[PDB]
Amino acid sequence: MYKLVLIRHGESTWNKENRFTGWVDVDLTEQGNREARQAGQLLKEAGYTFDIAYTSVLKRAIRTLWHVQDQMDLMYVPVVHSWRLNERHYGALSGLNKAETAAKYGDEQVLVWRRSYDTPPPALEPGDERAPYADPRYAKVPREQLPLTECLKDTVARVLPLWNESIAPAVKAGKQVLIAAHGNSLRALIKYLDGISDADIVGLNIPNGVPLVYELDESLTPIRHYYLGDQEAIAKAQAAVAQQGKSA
């Protein structure tokens, strides 16, 4: 039997301004910093330790890891930073206000864009400032593998290699692993690990900064999973995540 812990980054500046983020590299707010610190305390008090962590190349996930490593006294552990754990790419929605966007296109359309399995948001133009091609983070990724937008199904295809080739072998080797990442990239990994159907993944929302522990059998199949923390604080967290709602 093995344990794997997962954590969405703490509140970001764009979670607060209610803007679709994707691969735009925004930072944590003070509240997001505190969420991260608190997740570290919670794991330290529960006795958890880690031998290795995996995260994205986006600083909001990475600063969340930093805060967890700091409160846990694990600043020395190996960290693999991978573009494959990047938040699902939000195309030409990136930067737009989610409420103003539901007001223009329909609340339905915005639910498709945020939560469906296989519908992509509209794509960036290839010369959009926000396209990834000049970014040194992705200098080694061949150009055709880089998205201008992504549906969740693409996020799954992009995450699995890291899991098959690196994270699964770490877990089996006996390493105690933390993955600090993003709402939708974690939705995607969970969809694979739990065998959640295309239909059912629509409703899964993951709150900011709450450790989520998978217990895995020897074949890496989930036995159970649970959040750590106040179950009330977090039902409220997931209730706020439902903010694809139009404004006045």
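Just count from 1 along the sequence shown to find any residue number.
Comparing 147-155 with 133-141, where is the mean C-alpha B-factor higher?
Result of the comparison: 133-141.
Mean C-alpha B factor from the entry: is it higher for 54-62 or for 25-33?
Looking at the recorded C-alpha B-factors, 25-33 comes out higher on average.
Choose from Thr119, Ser82, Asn164, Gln71 the residue with the greatest Cα B-factor as stated in the PDB record.
Top of the list by C-alpha B-factor: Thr119.
From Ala168, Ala102, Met75, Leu160, pick the one with the largest CA B-factor in the entry?
The listed residue with the largest C-alpha B-factor is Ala102.
Please rank the C-alpha B-factors of the chain's modelled residues and tell me whether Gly203 sits in the lowest, middle or highest third.
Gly203: CA B-factor falls in the highest third of its chain.
For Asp128, does the deposited CA B-factor place it in the lowest, middle or highest third of the chain?
It falls in the top third of the chain.
Using only modelled residues of the chain, where does the Cα B factor of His9 rank: lowest third, middle third or highest third?
Within its chain, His9 is a lowest-third residue by C-alpha B-factor, going by the deposited values.
By the record's CA B-factor, is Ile223 among the lowest, middle or highest third of residues in the chain?
Within its chain, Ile223 is a highest-third residue by C-alpha B-factor, going by the deposited values.
Compare the C-alpha B factor of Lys175 with those of the other modelled residues in its chain, then answer lowest, middle or highest third.
Middle third by C-alpha B-factor.
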